[PDB]
């Protein structure tokens, strides 16, 4: 697909799908009742889109999808809502699904925004967590991979809206984003 753009492969597709399977079961166990309402997966477009469709099928309990679209005002990160949730999450069991957590600013904003909507419960699942995100103010119950601070693309991760479609996660060549 992208010859000369990917410097190396950090996480193979097989590794990714394997980890999601275990995350899927672990999440399935923790959420396996009294409420009668399905688990609610909340995704912020669009880097976590590939991840959430796979995670959802790996979680052995019913799961609903909800999507948020956001933009930055510039420089918890300060965040503008382009598309709000389609439904009220009041009293719902909610799982935030992120592609990567780096600074922690987005997730910090998201956790607060969703909290004041008063869900029954709020937890966080991220496929990737970078070193600066370890020891952050928002608790992340489910972490797929603890990765180094390398700029990576693939499996939903982009540089300039490219490389999102890769099935694996690879380190991008410094030439590309110079």
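Numbering follows the first chain given and starts at 1.
Student: Relative to the deposited sequence, how many residues with no modelled coordinates occur between residue 32 and residue 33 (none, 1 to 3, 4 to 9, 10 or more)?
Tutor: Gap between residue 32 and residue 33: 1 to 3 residues without coordinates.
Student: On average, which has the higher Cα B-factor in the deposited entry, 44-52 or 23-31?
Tutor: If you average the C-alpha B-factors of 44-52 and of 23-31, the larger mean comes out for 23-31.
Student: Select between 53-61 and 127-135 the stretch whose C-alpha atoms have the higher average B-factor in the entry.
Tutor: Comparing 53-61 with 127-135, the higher average CA B-factor belongs to 127-135.
Student: Sorting by Cα B-factor within the chain, modelled residues only, which third would residue 157 end up in: lowest, middle or highest?
Tutor: Tercile = lowest for this residue's CA B-factor.
Student: Determine, from the deposited record, the chain-internal third of the Cα B-factor for residue 37: lowest, middle or highest.
Tutor: It belongs to the highest third of the chain when residues are ordered by C-alpha B-factor.
Student: Compare the C-alpha B factor of residue 105 with those of the other modelled residues in its chain, then answer lowest, middle or highest third.
Tutor: For residue 105, the deposited C-alpha B-factor lands in the middle third.
Student: According to the PDB entry, is the CA B factor of residue 149 in the bottom, middle or top third of its chain, that is, lowest, middle or highest?
Tutor: Highest third.
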